[PDB]
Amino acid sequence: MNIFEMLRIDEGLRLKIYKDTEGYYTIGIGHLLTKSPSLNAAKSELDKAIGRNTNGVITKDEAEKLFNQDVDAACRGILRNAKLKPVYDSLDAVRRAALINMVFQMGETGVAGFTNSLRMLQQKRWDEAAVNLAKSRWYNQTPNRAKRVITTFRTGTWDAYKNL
């Protein structure tokens, strides 16, 4: 298991633009299109991202390039963020994917706002980190997905993703 298959389980694959759990237009493997409530804005952003007249539908191949682009962006965002990099530096490979999962979902700025949870993780206080992570908007908006990521942080294993 790796960050790519982890996120594929968490995000799924949908070929036509859909509304995420927060009401924002998204497509592919968790690719946020826009925060605007206009569907045409989403199709225009989708057109801009794919470079063709999409009409709200993307191929499976285009979704995987968007996926690779977004994973690359999430990694670069972590490495260039002054508060995310030292925590990422200290984590093992399994927990590094969990942090990238967070940034992939809610962006670099949002994850950096977990001031208490990030200090927990860097000090390898997993149990306490899990408790603090569950007390967030993230946890009650996407509980099933957040529980899997939090379990990954707590145990350092892929057990939350076994048989999924």
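From 1 onward, residues are counted along the sequence shown.
Per-stretch averaging of Cα B factors for 26 to 34 and 47 to 55 places 47 to 55 on top.
Annotation for 36 to 44 versus 119 to 127: the higher mean temperature factor (C-alpha) is found in 36 to 44. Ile100 sits in the lowest third of its chain by CA B factor, as recorded in the PDB entry. In the PDB entry, a CA B factor belonging to the middle third of its chain's modelled residues is recorded for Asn144. The deposited CA B-factor of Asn163 belongs to the highest third of values across its chain. When the modelled residues of the chain are ordered by C-alpha B-factor, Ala63 sits in the highest third.
Residue-level temperature factors show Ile9 in the middle third of its chain, judged at the C-alpha atom.
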